[PDB]
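Presented below, as structure tokens, is a lone chain in the form deposited in one PDB entry.
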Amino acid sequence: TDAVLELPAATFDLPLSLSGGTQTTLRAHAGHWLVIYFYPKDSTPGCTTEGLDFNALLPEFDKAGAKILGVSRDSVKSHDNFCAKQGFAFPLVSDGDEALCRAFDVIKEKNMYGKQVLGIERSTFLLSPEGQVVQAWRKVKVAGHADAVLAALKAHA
């Protein structure tokens, strides 16, 4: 009833490689809210702006017991460098095989260059303590986005 997106059951058990060398799974986050934001490329202007915006709001997400994960298909080492340079205090998922991206249907196609071109569409989701995807933002506008996600989280929580 309250889900806006249905994930395959296996999605919740995928090993997600994080910055810093550990793995997590979505099921491992049971019992608390989770914000998952997908972005197309480490260390680019929009992705850096977005990450810094979430980072600045961490204490507000903490107040709500929520955790955040950023996701792109960059490598663990790329993510480590990005986190260190920017000072991010939340993890980044290295979804190199786009398994998590496909589950959330964020790999979108565009007819461009006389080709069918597939890429990550900037998107964010709110996952409830019981693993339901209860809100989505697609084709995300970075300006104001982290603030809007925090507001929605508070309203849902």
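For clarity, a rigid core is taken as the largest C-alpha set superposing within 1.5 Å between two forms. Quick note: we count residues from 1 along the sequence shown, nothing fancier.
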With B-factors read from the PDB entry, the higher C-alpha mean of 148-156 and 1-9 is in 1-9
Ranked by mean Cα B-factor in the entry, 116-124 and 60-68, top stretch is 60-68
Reading the B-factor column for Cα atoms of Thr49, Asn55, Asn111, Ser94, the highest value belongs to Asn111
Of the three thirds of Cα B-factor ranks in this chain, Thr24 occupies the middle
Binned into thirds over the chain's modelled residues, the C-alpha B-factor of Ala30 lands in the highest
Sorting the chain's modelled residues by C-alpha B-factor and splitting them into thirds places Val133 in the middle
Sorting the chain's modelled residues by C-alpha B-factor and splitting them into thirds places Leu18 in the lowest
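The discussion below concerns the form deposited in another entry, not included here.
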The one residue in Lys63, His32, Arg102, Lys115 whose CA moves 2 Å or more between this form and the one not shown on rigid core superposition is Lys115
